[PDB]
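> What follows is query.cif, mmCIF, C-alpha atoms.
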```cif
data_query
#
loop_
_atom_site.label_atom_id
_atom_site.label_comp_id
_atom_site.auth_asym_id
_atom_site.auth_seq_id
_atom_site.Cartn_x
_atom_site.Cartn_y
_atom_site.Cartn_z
CA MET A 1 55.54 87.11 7.99
CA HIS A 2 54.72 83.42 7.58
CA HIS A 3 54.22 82.23 11.16
CA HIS A 4 50.75 80.70 11.47
CA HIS A 5 50.49 77.06 10.37
CA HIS A 6 53.84 75.36 9.78
CA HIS A 7 55.34 71.95 9.00
CA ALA A 8 55.13 69.36 11.77
CA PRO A 9 58.11 67.40 13.19
CA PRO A 10 58.46 63.96 11.50
CA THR A 11 60.24 62.10 14.31
CA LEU A 12 57.48 63.44 16.55
CA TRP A 13 54.86 61.56 14.52
CA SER A 14 56.87 58.33 14.57
CA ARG A 15 57.00 58.47 18.38
CA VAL A 16 53.32 57.53 18.58
CA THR A 17 52.67 53.78 18.64
CA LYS A 18 49.23 52.16 18.38
CA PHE A 19 49.22 49.40 20.99
CA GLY A 20 46.34 47.11 21.94
CA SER A 21 43.24 49.30 21.80
CA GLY A 22 45.00 52.65 21.98
CA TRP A 23 48.07 54.71 21.12
CA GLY A 24 51.17 55.53 23.16
CA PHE A 25 54.35 57.57 22.85
CA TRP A 26 58.13 57.13 23.06
CA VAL A 27 59.09 59.13 26.15
CA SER A 28 62.70 58.08 25.57
CA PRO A 29 65.04 55.34 24.23
CA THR A 30 64.16 53.03 27.12
CA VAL A 31 61.06 54.91 28.31
CA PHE A 32 57.47 54.76 27.06
CA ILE A 33 53.93 55.79 28.03
CA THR A 34 50.45 54.28 27.76
CA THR A 35 46.94 54.46 29.19
CA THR A 36 45.14 51.80 31.25
CA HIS A 37 42.01 51.20 29.17
CA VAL A 38 44.20 50.87 26.08
CA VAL A 39 46.35 48.07 27.47
CA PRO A 40 45.05 44.77 25.99
CA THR A 41 45.32 41.21 27.30
CA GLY A 42 47.26 38.72 25.21
CA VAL A 43 50.68 40.13 24.34
CA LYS A 44 53.75 39.69 26.54
CA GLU A 45 56.27 41.93 24.77
CA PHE A 46 56.61 45.25 23.02
CA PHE A 47 58.80 45.93 19.98
CA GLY A 48 60.65 42.81 21.04
CA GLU A 49 60.83 43.61 24.75
CA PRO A 50 59.37 40.88 27.03
CA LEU A 51 57.47 42.19 30.06
CA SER A 52 59.88 40.12 32.16
CA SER A 53 62.33 42.99 31.67
CA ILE A 54 59.90 45.90 31.86
CA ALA A 55 58.52 48.16 34.59
CA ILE A 56 54.96 49.43 35.02
CA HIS A 57 53.68 52.27 37.21
CA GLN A 58 50.02 53.29 37.10
CA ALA A 59 48.88 56.75 38.18
CA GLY A 60 45.40 57.92 37.23
CA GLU A 61 45.14 56.62 33.67
CA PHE A 62 48.91 57.10 33.38
CA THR A 63 51.19 54.07 33.18
CA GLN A 64 54.98 54.47 33.20
CA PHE A 65 56.72 52.10 30.80
CA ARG A 66 60.35 51.46 31.75
CA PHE A 67 62.19 49.07 29.43
CA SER A 68 65.27 47.18 30.59
CA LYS A 69 67.05 48.17 27.37
CA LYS A 70 67.10 51.31 25.24
CA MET A 71 65.77 50.39 21.80
CA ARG A 72 66.44 53.92 20.52
CA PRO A 73 64.88 53.12 17.10
CA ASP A 74 64.58 56.79 16.19
CA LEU A 75 64.33 58.78 19.43
CA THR A 76 66.62 60.77 21.71
CA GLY A 77 64.68 62.35 24.56
CA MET A 78 61.39 64.25 24.66
CA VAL A 79 60.04 66.61 27.32
CA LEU A 80 57.03 65.93 29.54
CA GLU A 81 54.78 68.83 30.53
CA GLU A 82 52.71 68.08 33.64
CA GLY A 83 49.65 69.92 32.38
CA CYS A 84 49.37 73.35 30.76
CA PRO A 85 48.37 76.98 31.53
CA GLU A 86 45.25 78.80 30.34
CA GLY A 87 45.36 79.18 26.56
CA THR A 88 47.55 76.25 25.51
CA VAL A 89 46.66 74.77 22.13
CA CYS A 90 47.58 71.09 22.08
CA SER A 91 47.50 68.68 19.13
CA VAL A 92 47.04 64.90 19.06
CA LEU A 93 48.72 62.46 16.67
CA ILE A 94 46.19 60.09 15.10
CA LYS A 95 47.91 57.76 12.62
CA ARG A 96 45.95 55.48 10.30
CA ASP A 97 46.70 52.35 8.27
CA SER A 98 46.69 54.16 4.92
CA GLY A 99 48.74 57.03 6.30
CA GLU A 100 45.61 58.99 7.17
CA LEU A 101 47.12 61.21 9.87
CA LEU A 102 44.36 63.03 11.75
CA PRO A 103 45.97 66.01 13.55
CA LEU A 104 43.37 67.09 16.10
CA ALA A 105 43.52 70.18 18.31
CA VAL A 106 42.25 70.99 21.81
CA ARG A 107 42.33 74.04 24.07
CA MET A 108 43.72 73.42 27.56
CA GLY A 109 41.68 74.57 30.54
CA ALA A 110 42.51 74.69 34.24
CA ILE A 111 44.53 72.33 36.43
CA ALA A 112 42.59 70.55 39.17
CA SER A 113 42.42 67.27 41.08
CA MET A 114 39.60 65.06 39.78
CA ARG A 115 38.10 62.08 41.61
CA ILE A 116 37.85 58.75 39.79
CA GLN A 117 36.83 55.54 41.54
CA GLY A 118 37.40 57.28 44.86
CA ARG A 119 40.90 58.40 43.92
CA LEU A 120 42.13 61.98 43.63
CA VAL A 121 44.11 62.50 40.42
CA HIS A 122 45.67 65.58 38.83
CA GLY A 123 44.67 66.27 35.24
CA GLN A 124 44.18 69.15 32.82
CA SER A 125 40.92 69.39 30.87
CA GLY A 126 40.76 70.29 27.20
CA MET A 127 37.95 71.71 25.08
CA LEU A 128 37.73 70.46 21.49
CA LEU A 129 38.75 72.96 18.81
CA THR A 130 38.21 71.16 15.50
CA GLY A 131 34.66 70.08 14.79
CA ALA A 132 33.03 67.20 16.65
CA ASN A 133 35.33 64.18 16.51
CA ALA A 134 34.65 63.61 20.21
CA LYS A 135 32.25 60.74 20.88
CA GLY A 136 32.19 60.71 24.67
CA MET A 137 35.18 58.63 25.73
CA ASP A 138 37.86 60.43 23.71
CA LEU A 139 38.64 63.48 21.58
CA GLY A 140 38.41 61.62 18.30
CA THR A 141 38.53 57.83 18.05
CA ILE A 142 36.72 55.16 16.04
CA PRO A 143 38.95 52.12 15.24
CA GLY A 144 40.40 52.16 18.75
CA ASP A 145 42.39 55.39 18.68
CA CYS A 146 42.24 55.97 22.44
CA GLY A 147 45.09 57.11 24.66
CA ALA A 148 46.69 59.03 21.79
CA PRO A 149 49.57 61.31 22.94
CA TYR A 150 49.29 65.10 23.08
CA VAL A 151 51.98 67.45 21.79
CA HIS A 152 52.68 71.18 21.68
CA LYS A 153 55.39 73.68 20.75
CA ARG A 154 57.46 74.84 23.73
CA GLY A 155 60.16 77.36 22.91
CA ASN A 156 62.37 75.70 20.31
CA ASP A 157 60.82 72.24 20.54
CA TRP A 158 57.62 70.25 21.02
CA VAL A 159 56.61 68.98 24.46
CA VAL A 160 54.15 66.16 25.15
CA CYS A 161 51.21 66.67 27.51
CA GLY A 162 49.43 63.40 28.23
CA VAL A 163 47.17 60.80 26.62
CA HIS A 164 43.58 60.56 25.40
CA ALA A 165 41.70 59.57 28.55
CA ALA A 166 38.05 60.35 27.84
CA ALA A 167 35.48 63.03 26.99
CA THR A 168 33.02 64.92 29.18
CA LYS A 169 29.24 65.21 28.93
CA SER A 170 29.74 68.39 26.90
CA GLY A 171 31.22 66.25 24.13
CA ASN A 172 33.74 68.89 23.07
CA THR A 173 35.82 68.47 26.23
CA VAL A 174 38.38 65.80 27.10
CA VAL A 175 40.80 65.19 29.97
CA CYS A 176 44.55 65.08 29.33
CA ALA A 177 46.06 62.32 31.46
CA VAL A 178 48.95 64.07 33.20
CA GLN A 179 51.86 62.41 35.00
CA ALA A 180 52.65 62.68 38.71
CA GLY A 181 55.90 64.32 39.79
CA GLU A 182 57.49 67.70 40.42
CA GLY A 183 55.39 70.86 40.41
CA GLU A 184 52.99 69.52 43.03
CA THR A 185 55.41 69.94 45.93
CA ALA A 186 57.23 73.00 44.59
CA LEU A 187 55.98 76.46 45.55
CA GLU A 188 56.91 78.18 42.29
#
```
I'd like the structure from this file rewritten - as structure tokens, please.


Amino acid sequence: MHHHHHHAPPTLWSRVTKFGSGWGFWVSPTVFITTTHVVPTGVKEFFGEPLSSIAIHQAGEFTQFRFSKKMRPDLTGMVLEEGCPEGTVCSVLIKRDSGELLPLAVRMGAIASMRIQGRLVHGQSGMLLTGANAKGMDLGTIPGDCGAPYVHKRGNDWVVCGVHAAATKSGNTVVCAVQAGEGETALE
């Protein structure tokens, strides 16, 4: 009784932050995420945090933002899911200027190691499940909404998948930029 379709977490929507030519997410008080193609060239600080006191770590369209200080504007600590099983419905957070939030949805596929620029990277595909917002280099972007963060309900909370990397030739299929860490060395 009353289960399908429910209210979305507010703080979860505020986590997203349109930077440069894309959108990121607040991994934690002093932690953040962002894509590579989204990163612009002109700014030297984020939310009042000079790069001089920041750390960057690329990894297949996955940059690790480590701030020297914990801004903690309205966060606490989110969970990162390195991919997803077969049948995982993820949702992106597309915020606009006039508050036109565009909540997109995508169905996760299988986990495999793709090859980009002669580099093996681990990422989970994702078939579109909305209409046809995909253009070819993203699930649904127009004014520069690339790299958007993915979210999903996990137990009694919402875990983040990756970021809007790009779309496939099929159009209704994008790749969720996953992070590198545990799970690859573990056996189970």

> Report the distance between atom CA of residue A:137 and atom CA of residue A:174 in Å, rounded to one decimal place.

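So the answer is 8.0 Å.
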
> Determine the residue membership of the PyMOL selection byres ((chain A and resi 167) around 12) for the file above and supply it as a ChimeraX atom specification.

/A:106,125-128,132-141,146-147,163-166,168-177

> Take the residues just selected and output them with C-alpha atoms as a PDB file, in the frame of the given file.


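Okay, result-v7.pdb is ready:
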```
ATOM      1  CA  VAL A 106      42.250  70.990  21.810  1.00  0.00           C
ATOM      2  CA  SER A 125      40.920  69.390  30.870  1.00  0.00           C
ATOM      3  CA  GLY A 126      40.760  70.290  27.200  1.00  0.00           C
ATOM      4  CA  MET A 127      37.950  71.710  25.080  1.00  0.00           C
ATOM      5  CA  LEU A 128      37.730  70.460  21.490  1.00  0.00           C
ATOM      6  CA  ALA A 132      33.030  67.200  16.650  1.00  0.00           C
ATOM      7  CA  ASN A 133      35.330  64.180  16.510  1.00  0.00           C
ATOM      8  CA  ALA A 134      34.650  63.610  20.210  1.00  0.00           C
ATOM      9  CA  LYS A 135      32.250  60.740  20.880  1.00  0.00           C
ATOM     10  CA  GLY A 136      32.190  60.710  24.670  1.00  0.00           C
ATOM     11  CA  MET A 137      35.180  58.630  25.730  1.00  0.00           C
ATOM     12  CA  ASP A 138      37.860  60.430  23.710  1.00  0.00           C
ATOM     13  CA  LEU A 139      38.640  63.480  21.580  1.00  0.00           C
ATOM     14  CA  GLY A 140      38.410  61.620  18.300  1.00  0.00           C
ATOM     15  CA  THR A 141      38.530  57.830  18.050  1.00  0.00           C
ATOM     16  CA  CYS A 146      42.240  55.970  22.440  1.00  0.00           C
ATOM     17  CA  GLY A 147      45.090  57.110  24.660  1.00  0.00           C
ATOM     18  CA  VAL A 163      47.170  60.800  26.620  1.00  0.00           C
ATOM     19  CA  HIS A 164      43.580  60.560  25.400  1.00  0.00           C
ATOM     20  CA  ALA A 165      41.700  59.570  28.550  1.00  0.00           C
ATOM     21  CA  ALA A 166      38.050  60.350  27.840  1.00  0.00           C
ATOM     22  CA  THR A 168      33.020  64.920  29.180  1.00  0.00           C
ATOM     23  CA  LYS A 169      29.240  65.210  28.930  1.00  0.00           C
ATOM     24  CA  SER A 170      29.740  68.390  26.900  1.00  0.00           C
ATOM     25  CA  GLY A 171      31.220  66.250  24.130  1.00  0.00           C
ATOM     26  CA  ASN A 172      33.740  68.890  23.070  1.00  0.00           C
ATOM     27  CA  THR A 173      35.820  68.470  26.230  1.00  0.00           C
ATOM     28  CA  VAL A 174      38.380  65.800  27.100  1.00  0.00           C
ATOM     29  CA  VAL A 175      40.800  65.190  29.970  1.00  0.00           C
ATOM     30  CA  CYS A 176      44.550  65.080  29.330  1.00  0.00           C
ATOM     31  CA  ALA A 177      46.060  62.320  31.460  1.00  0.00           C
TER      32      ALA A 177
END
```

> Run the PyMOL selection byres ((chain A and resi 54) around 9) mentally over the shown coordinates, then write out the matched residues as an NGL selection string, using the chain letters and numbers from the document.

:A and (45 or 49-53 or 55-56 or 65-69)

> Under the rule that only C-alpha atoms are counted, which of A:84, A:59, A:116, A:102 is the nearest residue to residue A:181?

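Smallest distance to residue A:181 is found for A:59.
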
> Need the neighbours of (57.6, 54.1, 28.4): which residues are at most 7 Å away, counting all atoms listed in the file, as an MDAnalysis selection string?

chainID A and resid 26:27 30:33 64:67

> When you draw a straight line from atom CA of residue A:91 to atom CA of residue A:105, how long is it in Å?

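Computing it gives 4.3 Å between the two atoms.
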
> Using the chain letters and residue numbers of this document, give as a list in words the residues selected by the PyMOL selection byres ((chain A and resi 34) around 9).

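When the PyMOL selection byres ((chain A and resi 34) around 9) is applied, the selected residues are residues 19, 22, 23, 24, 25, 32, 33, 35, 36, 38, 39, 61, 62, 63, 64, 65, 147, 148, 149 and 163 of chain A.
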
> Go ahead and compute the interatomic distance for atom CA of residue A:60 and atom CA of residue A:46, in Å to one decimal.

22.1 Å

> For stretch 69-105 of chain A, supply N, CA and C atoms and format the output as a PDB file, in the frame of the given file.


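The resulting file, selection-v1.pdb, is reproduced below:
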```
ATOM      1  N   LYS A  69      66.067  47.751  28.372  1.00  0.00           N
ATOM      2  CA  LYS A  69      67.050  48.170  27.370  1.00  0.00           C
ATOM      3  C   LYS A  69      66.529  49.355  26.567  1.00  0.00           C
ATOM      4  N   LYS A  70      67.452  50.145  26.035  1.00  0.00           N
ATOM      5  CA  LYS A  70      67.100  51.310  25.240  1.00  0.00           C
ATOM      6  C   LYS A  70      67.095  50.971  23.756  1.00  0.00           C
ATOM      7  N   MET A  71      65.910  50.731  23.211  1.00  0.00           N
ATOM      8  CA  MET A  71      65.770  50.390  21.800  1.00  0.00           C
ATOM      9  C   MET A  71      66.322  51.508  20.919  1.00  0.00           C
ATOM     10  N   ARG A  72      65.990  52.749  21.272  1.00  0.00           N
ATOM     11  CA  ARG A  72      66.440  53.920  20.520  1.00  0.00           C
ATOM     12  C   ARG A  72      66.327  53.700  19.013  1.00  0.00           C
ATOM     13  N   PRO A  73      65.120  53.352  18.531  1.00  0.00           N
ATOM     14  CA  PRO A  73      64.880  53.120  17.100  1.00  0.00           C
ATOM     15  C   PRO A  73      64.980  54.394  16.282  1.00  0.00           C
ATOM     16  N   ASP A  74      64.544  55.502  16.869  1.00  0.00           N
ATOM     17  CA  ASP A  74      64.580  56.790  16.190  1.00  0.00           C
ATOM     18  C   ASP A  74      64.215  57.921  17.152  1.00  0.00           C
ATOM     19  N   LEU A  75      64.615  57.773  18.411  1.00  0.00           N
ATOM     20  CA  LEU A  75      64.330  58.780  19.430  1.00  0.00           C
ATOM     21  C   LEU A  75      65.611  59.362  20.002  1.00  0.00           C
ATOM     22  N   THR A  76      65.475  60.145  21.067  1.00  0.00           N
ATOM     23  CA  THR A  76      66.620  60.770  21.710  1.00  0.00           C
ATOM     24  C   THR A  76      66.270  61.228  23.124  1.00  0.00           C
ATOM     25  N   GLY A  77      65.110  61.864  23.259  1.00  0.00           N
ATOM     26  CA  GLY A  77      64.680  62.350  24.560  1.00  0.00           C
ATOM     27  C   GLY A  77      63.697  63.499  24.449  1.00  0.00           C
ATOM     28  N   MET A  78      62.430  63.226  24.731  1.00  0.00           N
ATOM     29  CA  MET A  78      61.390  64.250  24.660  1.00  0.00           C
ATOM     30  C   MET A  78      61.136  64.856  26.039  1.00  0.00           C
ATOM     31  N   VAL A  79      60.362  65.935  26.070  1.00  0.00           N
ATOM     32  CA  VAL A  79      60.040  66.610  27.320  1.00  0.00           C
ATOM     33  C   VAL A  79      58.592  66.356  27.725  1.00  0.00           C
ATOM     34  N   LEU A  80      58.368  66.179  29.023  1.00  0.00           N
ATOM     35  CA  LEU A  80      57.030  65.930  29.540  1.00  0.00           C
ATOM     36  C   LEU A  80      56.510  67.138  30.314  1.00  0.00           C
ATOM     37  N   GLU A  81      55.374  67.672  29.877  1.00  0.00           N
ATOM     38  CA  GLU A  81      54.780  68.830  30.530  1.00  0.00           C
ATOM     39  C   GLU A  81      53.585  68.415  31.389  1.00  0.00           C
ATOM     40  N   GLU A  82      53.770  68.456  32.704  1.00  0.00           N
ATOM     41  CA  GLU A  82      52.710  68.080  33.640  1.00  0.00           C
ATOM     42  C   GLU A  82      51.566  69.090  33.585  1.00  0.00           C
ATOM     43  N   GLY A  83      50.766  69.016  32.525  1.00  0.00           N
ATOM     44  CA  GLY A  83      49.650  69.920  32.380  1.00  0.00           C
ATOM     45  C   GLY A  83      49.969  71.099  31.475  1.00  0.00           C
ATOM     46  N   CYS A  84      49.167  72.155  31.573  1.00  0.00           N
ATOM     47  CA  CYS A  84      49.370  73.350  30.760  1.00  0.00           C
ATOM     48  C   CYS A  84      48.577  74.529  31.313  1.00  0.00           C
ATOM     49  N   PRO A  85      49.040  75.764  31.051  1.00  0.00           N
ATOM     50  CA  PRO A  85      48.370  76.980  31.530  1.00  0.00           C
ATOM     51  C   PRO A  85      47.056  77.235  30.791  1.00  0.00           C
ATOM     52  N   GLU A  86      46.504  78.430  30.980  1.00  0.00           N
ATOM     53  CA  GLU A  86      45.250  78.800  30.340  1.00  0.00           C
ATOM     54  C   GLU A  86      45.507  79.421  28.965  1.00  0.00           C
ATOM     55  N   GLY A  87      45.165  78.683  27.914  1.00  0.00           N
ATOM     56  CA  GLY A  87      45.360  79.180  26.560  1.00  0.00           C
ATOM     57  C   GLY A  87      46.414  78.386  25.807  1.00  0.00           C
ATOM     58  N   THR A  88      46.570  77.117  26.166  1.00  0.00           N
ATOM     59  CA  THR A  88      47.550  76.250  25.510  1.00  0.00           C
ATOM     60  C   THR A  88      46.873  75.364  24.472  1.00  0.00           C
ATOM     61  N   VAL A  89      47.230  75.561  23.210  1.00  0.00           N
ATOM     62  CA  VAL A  89      46.660  74.770  22.130  1.00  0.00           C
ATOM     63  C   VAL A  89      47.470  73.509  21.878  1.00  0.00           C
ATOM     64  N   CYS A  90      46.907  72.366  22.258  1.00  0.00           N
ATOM     65  CA  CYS A  90      47.580  71.090  22.080  1.00  0.00           C
ATOM     66  C   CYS A  90      47.076  70.376  20.822  1.00  0.00           C
ATOM     67  N   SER A  91      47.867  69.432  20.326  1.00  0.00           N
ATOM     68  CA  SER A  91      47.500  68.680  19.130  1.00  0.00           C
ATOM     69  C   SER A  91      47.818  67.195  19.308  1.00  0.00           C
ATOM     70  N   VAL A  92      46.865  66.344  18.942  1.00  0.00           N
ATOM     71  CA  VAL A  92      47.040  64.900  19.060  1.00  0.00           C
ATOM     72  C   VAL A  92      47.559  64.305  17.754  1.00  0.00           C
ATOM     73  N   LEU A  93      48.181  63.133  17.848  1.00  0.00           N
ATOM     74  CA  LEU A  93      48.720  62.460  16.670  1.00  0.00           C
ATOM     75  C   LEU A  93      47.954  61.170  16.385  1.00  0.00           C
ATOM     76  N   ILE A  94      46.998  61.248  15.465  1.00  0.00           N
ATOM     77  CA  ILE A  94      46.190  60.090  15.100  1.00  0.00           C
ATOM     78  C   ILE A  94      46.649  59.504  13.765  1.00  0.00           C
ATOM     79  N   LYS A  95      47.412  58.419  13.829  1.00  0.00           N
ATOM     80  CA  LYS A  95      47.910  57.760  12.620  1.00  0.00           C
ATOM     81  C   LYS A  95      46.960  56.659  12.174  1.00  0.00           C
ATOM     82  N   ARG A  96      46.828  56.502  10.860  1.00  0.00           N
ATOM     83  CA  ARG A  96      45.950  55.480  10.300  1.00  0.00           C
ATOM     84  C   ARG A  96      46.756  54.390   9.604  1.00  0.00           C
ATOM     85  N   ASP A  97      46.054  53.453   8.972  1.00  0.00           N
ATOM     86  CA  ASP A  97      46.700  52.350   8.270  1.00  0.00           C
ATOM     87  C   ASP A  97      47.153  52.785   6.878  1.00  0.00           C
ATOM     88  N   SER A  98      46.371  53.662   6.256  1.00  0.00           N
ATOM     89  CA  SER A  98      46.690  54.160   4.920  1.00  0.00           C
ATOM     90  C   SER A  98      47.403  55.503   4.991  1.00  0.00           C
ATOM     91  N   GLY A  99      48.033  55.777   6.129  1.00  0.00           N
ATOM     92  CA  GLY A  99      48.740  57.030   6.300  1.00  0.00           C
ATOM     93  C   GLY A  99      47.811  58.211   6.475  1.00  0.00           C
ATOM     94  N   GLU A 100      46.600  57.942   6.952  1.00  0.00           N
ATOM     95  CA  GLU A 100      45.610  58.990   7.170  1.00  0.00           C
ATOM     96  C   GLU A 100      45.808  59.656   8.527  1.00  0.00           C
ATOM     97  N   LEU A 101      46.825  60.507   8.622  1.00  0.00           N
ATOM     98  CA  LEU A 101      47.120  61.210   9.870  1.00  0.00           C
ATOM     99  C   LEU A 101      46.046  62.246  10.176  1.00  0.00           C
ATOM    100  N   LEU A 102      45.408  62.104  11.333  1.00  0.00           N
ATOM    101  CA  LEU A 102      44.360  63.030  11.750  1.00  0.00           C
ATOM    102  C   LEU A 102      44.844  63.926  12.885  1.00  0.00           C
ATOM    103  N   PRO A 103      45.466  65.069  12.550  1.00  0.00           N
ATOM    104  CA  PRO A 103      45.970  66.010  13.550  1.00  0.00           C
ATOM    105  C   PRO A 103      44.861  66.826  14.198  1.00  0.00           C
ATOM    106  N   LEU A 104      44.432  66.398  15.380  1.00  0.00           N
ATOM    107  CA  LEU A 104      43.370  67.090  16.100  1.00  0.00           C
ATOM    108  C   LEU A 104      43.949  68.179  17.003  1.00  0.00           C
ATOM    109  N   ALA A 105      43.090  69.090  17.446  1.00  0.00           N
ATOM    110  CA  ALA A 105      43.520  70.180  18.310  1.00  0.00           C
ATOM    111  C   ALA A 105      42.541  70.384  19.468  1.00  0.00           C
TER     112      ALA A 105
END
```
